[PDB]
Amino acid sequence: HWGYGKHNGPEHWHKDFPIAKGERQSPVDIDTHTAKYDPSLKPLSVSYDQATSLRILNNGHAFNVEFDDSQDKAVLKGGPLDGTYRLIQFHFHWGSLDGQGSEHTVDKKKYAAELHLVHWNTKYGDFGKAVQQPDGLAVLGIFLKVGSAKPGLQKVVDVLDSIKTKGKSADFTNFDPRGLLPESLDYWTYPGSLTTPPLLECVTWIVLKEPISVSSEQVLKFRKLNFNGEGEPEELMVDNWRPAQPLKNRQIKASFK
Ligand SMILES: Clc1ccc(Cc2nnn[n-]2)cc1
Ligand SMILES: [Zn+2]
């Protein structure tokens with residue numbers, strides 16, 4: 001029964017999930033002046049040409065677009081990563097207003113939303129196994145700022161009223177996640193965690209420097225979703241973001257000078 005409210009939100013999660021106060025928790029503030037350019041970071045390889053999207057689901061915390069990860073169809077490699085990481089799903093975190101929503105912050109700036117493209121290390125064979133490993137997942141985080149519409153997000157936006165409430169899903173085949181990327185693949189990387197329970201410390205975070213622009217109308221539609229299931233009182237799905245957590249003994253590395 002965790003969520004994002006006063007009574008079940010992030011400040012409460014440590015009671016059920018004491019790793020909440022662990023040593024490699026996410027998200028973090030990315031201090032752009034303290035992150036170090038790491039000349040040894042291989043270039044990042046996002047190969048999504050063959051991606052097979054399937055379904056879009058409101059799970060009561062976010063909306064998830066799910067992909068067929070039974071084969072190496074959409075993968076992430078290179079940059080900080082060893083081996084191959086297979087795309088399983090993406091989702092967003094967003095705010096009730098344009099000035100908040102992202103999980104990661106950049107010199108304390110909050111963006112309106114944050115996209116997470118979630119990949120698991122194929123050497124651990126399934127996702128469940130991967131989340132039990134320090135290098136189990138690689139999450140590609142991309143900030144959303146409000147400006148001009150993002151055309152490759154609109155198929156997402158346009159379908160949301162079919163999954164208004166928790167537990168609703170719809171067919172979402174033939175969606176190409178490459179349309180959600182910015183131009184540049186410059187990134188920050190650091191070792192961290194899931195930003196939701198169970199908060200496992202199993203993520204290599206890769207956060208793109210260049211945000212994508214989305215329109216106000218686009219993000220507005222995210223905010224019309226519901227945390228609640230159908231035929232319950234309406235709690236709008238907003239502010240599903242965890243605030244920034246202590247960096248502790250970690251370094252954020254930059255791929256760019
Ligand atoms: Cl499959 C999956 C993985 C992580 C999350 C939530 C999250 N953890 N870190 N960023 N988002 C939701 C679904
Ligand atoms: Zn997320």
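We use all heavy atoms of the structure for the numbers below, so side chains are in, but hydrogens, waters and symmetry mates are not. The first residue of the sequence shown is numbered 1, and numbering continues consecutively from there. Every number for a ligand or one of its atoms is a count from 1 in the order of the listing.
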Student: Between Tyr111 and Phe143, how do the two ring planes meet: parallel, tilted or perpendicular, split at 30° and 60°?
Tutor: parallel

Student: How are the rings of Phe63 and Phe222 set to each other: parallel, tilted or perpendicular (split at 30° and 60°)?
Tutor: perpendicular

Student: As a quick check of understanding, evaluate side-chain contact (heavy atoms from CB on, under 4.5 Å) for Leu87 and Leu76, giving each step before the final call.
Tutor: CA-CA 7 Å; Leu87 174 67; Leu76 184 61; over 6 Å; no

Student: Under 4.0 Å from a heavy atom of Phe127: give me the atoms of ligand 1 that qualify, with their elements.
Tutor: 1 (Cl)

Student: Could you tell me whether ligand 1 has any atom less than 4.0 Å away from a heavy atom of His61?
Tutor: no

Student: Does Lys209 make a cation-pi contact with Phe256, if we ask for NZ or CZ under 6.0 Å from the ring centre and within 45° of the axis?
Tutor: yes

Student: Please compare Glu103, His116, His91 and report which has the shortest non-hydrogen distance to atom 5 (C) of ligand 1.
Tutor: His91

Student: For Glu11, does the CD atom have more than 12 heavy-atom neighbours from other residues, nucleotides or ligands under 6.0 Å away?
Tutor: no

Student: In ligand 1, which numbered atoms sit nearer than 4.0 Å to a non-hydrogen atom of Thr196?
Tutor: 6 (C)

Student: Closer than 2.8 Å to the Zn ion (ligand 2): how many protein N, O or S atoms are there?
Tutor: 3

Student: Which atoms of ligand 1 sit under 4.0 Å from any heavy atom of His93?
Tutor: 11 (N)

Student: Return yes when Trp205 approaches ligand 1 closer than 4.0 angstrom through a heavy atom, no otherwise.
Tutor: yes

Student: Return the option from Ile88, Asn240, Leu194 holding the heavy atom at the smallest distance from atom 4 (C) of ligand 1.
Tutor: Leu194

Student: Give the intermediate values and the outcome of salt bridge (charged side-chain N to carboxylate O under 4.0 Å, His left out) for residues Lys221 and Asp161.
Tutor: CA-CA 8 Å; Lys221 296 189 182 177; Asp161 58 44; over 6 Å; no

Student: For the pair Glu23 and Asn249, evaluate side chain to side chain donor-acceptor pair (under 3.5 Å) and give the outcome as yes or no after the intermediate values.
Tutor: CA-CA 7 Å; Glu23 300 297 304; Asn249 186 219; over 6 Å; no

Student: Any side-chain donor paired with an acceptor under 3.5 Å for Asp16 and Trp2?
Tutor: no

Student: Ligand 1 and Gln89, any nitrogen or oxygen pair closer than 3.5 angstrom?
Tutor: no

Student: Just one of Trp188, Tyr187, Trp205 clears the ring-ring contact (aromatic ring centres under 6.0 Å, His included) bar with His104, so which one?
Tutor: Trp205

